[PDB]
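To find a chain, count down the sequence lines: A is the first, B the second, and so on, and within it residues start at 1. Side-chain atoms are counted along with the backbone in the values below, which use heavy atoms only and exclude waters and symmetry mates.
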Amino acid sequence: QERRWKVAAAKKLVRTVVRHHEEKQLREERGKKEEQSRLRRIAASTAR
Amino acid sequence: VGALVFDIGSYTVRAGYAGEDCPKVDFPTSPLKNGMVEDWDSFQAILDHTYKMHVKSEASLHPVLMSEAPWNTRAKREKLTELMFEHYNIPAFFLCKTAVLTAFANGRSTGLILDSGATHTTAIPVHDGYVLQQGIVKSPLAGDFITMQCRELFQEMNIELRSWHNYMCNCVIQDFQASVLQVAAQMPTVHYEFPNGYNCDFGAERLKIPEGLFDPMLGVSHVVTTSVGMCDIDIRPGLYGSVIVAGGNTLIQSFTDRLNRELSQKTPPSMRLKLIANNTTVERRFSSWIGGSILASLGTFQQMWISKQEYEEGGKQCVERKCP
Amino acid sequence: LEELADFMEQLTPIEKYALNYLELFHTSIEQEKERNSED
Amino acid sequence: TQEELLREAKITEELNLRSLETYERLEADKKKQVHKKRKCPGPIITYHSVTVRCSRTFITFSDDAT
């Protein structure tokens, strides 16, 4: 049972870490895209 | 406290107040060879000359707007804000692209801008006031190239065409352009006289010299046609129906007419291509400064500028954040 | 007529220029193909 | 002079037709109706419900502050 718990816990923890990394990368990509769109909207507001 | 608007253009600097129509001072610009600030000491010195001599006012009182080239790098903008705020202690700042100011001056936010200056002629598509960096096309067939064709032809004429003498040389080759150049195949021509009285029958050269920017490198028509090719697929009809030109270096006779012919025969015949004829020298030279002036005048510029408070709170990062 | 006059006065420089420009060059929002916006 | 004629005749077209009032013109063009120019309402929140068989709502915020 301890081996089972440790395998399952290692699986869950490593997959949560992988999730952390993927969410982090998606957050940086989203931040770059949002900054681009924010500058575009400022340009739109001034042109408007 | 009337807002001050400056253009730091490559070949002549235009300065004035936001609410005033014309740049009250327009003098030759150098620290801007490639298009942005090459020499920070020289650029700072010329700016100081501007506020003190040209406009006879301190920078600590009026709010200030500056305009930078479309293709200028970001470090240039960051250092520009650092220098301006630290040294001149203005109350509020802003930065704008010259092409965007040209499109604003024409009251047409969505546009394509053809402009040229020292060493460069560029085509920029602007959609809803945002310059598409990926779509810009930059060519070396600037007014400098044509004026150097003029200078070479004059030296071949063997006319006697310290720095002030070179400035005079450049001016005369420019002055000759406005009067003579038009875009045996040209028939008899003008008698344009030099200040000392020298002259000649400036014949086919007036036709062959302007031909360089179309056919000496990418000519202007190709520059624009590929510029729109690199832009978005479906906004392209908007650009053609909104093509605009600006800059004193564009002031040649029938130049805009030849552009219209070139684009009409190059564009699909079905397209709504049209050129906005701000062809007068005054119009082209004031176009960018005009856009800056309008931008500064409005009641929203009070919220768009980079207030001194902003730069106190944060450093150079504000330029990328507050200026498109 | 008088109202347009006294309103045309106090028209700061930029707007007098804009008056002349929009007088000569005009515009047209419609291009006869706005239906494409629907589709 | 037919080329010169085409030129200044199209210029005359622009000048004269700009004098008429969107009526009085024999070629009565369709559906002008000059809609509103909006003109400011500062920052705004737009509520937009559209048919897509199905109905969807999009809420647009003008700026990041709001």
Quiz item: Quick one: are B:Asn106 and B:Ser287 in side-chain contact, heavy atoms under 4.5 Å?
Solution: yes
Quiz item: Around atom CD of D:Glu27, are there more than 12 heavy atoms of other residues, nucleotides or ligands at under 6.0 Å?
Solution: no
Quiz item: Does B:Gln265 CD have over 12 foreign heavy atoms under 6.0 Å away?
Solution: yes
Exercise. Specify whether B:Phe176 and B:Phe202 have parallel, tilted or perpendicular ring planes, treating 30° as the upper limit for parallel and 60° as the lower limit for perpendicular.
Key: tilted
Quiz prompt | Closest contact, heavy atoms only, B:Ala15 versus B:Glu20 | solution = O-OE2, 4.3 Å
Quiz item: Just wondering, are more than 12 heavy atoms of other shown residues or ligands nearer than 6.0 Å to CZ in D:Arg38?
Solution: no
Quiz item: Considering residues, nucleotides and ligands other than B:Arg258, do more than 12 of their heavy atoms fall under 6.0 Å from its CZ?
Solution: no
Exercise. Give a yes or no on this: more than 12 heavy atoms of other residues, nucleotides or ligands lie within 6.0 Å of atom CD of C:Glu23.
Key: yes
Practice problem: Kindly check if the number of other-residue, nucleotide or ligand heavy atoms within 6.0 Å of CZ (A:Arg30) is above 12? | Solution: no
Quiz prompt | Step-by-step salt bridge (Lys or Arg N to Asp or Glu O under 4.0 Å) determination, D:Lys32 to C:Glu30 | solution = CA-CA 9 Å; D:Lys32 321 300 288 188; C:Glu30 170 172 26; 2.8 Å; yes
Quiz item: Do other residues, nucleotides or ligands put more than 12 heavy atoms under 6.0 Å from the NZ atom of B:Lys24?
Solution: yes
Quiz item: Side chains of A:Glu35 and A:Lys32: does their closest heavy-atom pair fall under 4.5 Å?
Solution: no
Practice problem: Compute the centroid of each ring, for B:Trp289 and then for B:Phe286, and state whether the two points are separated by less than 6.0 Å. | Solution: no
Self-check item: Pair B:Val319-B:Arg74, side-chain contact (heavy atoms from CB on, under 4.5 Å): steps then yes or no
Solution: CA-CA 9 Å; B:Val319 70; B:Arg74 306 58 47 205; over 6 Å; no
Exercise. Give a yes or no on this: more than 12 heavy atoms of other residues, nucleotides or ligands lie within 6.0 Å of atom CE of B:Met230.
Key: yes
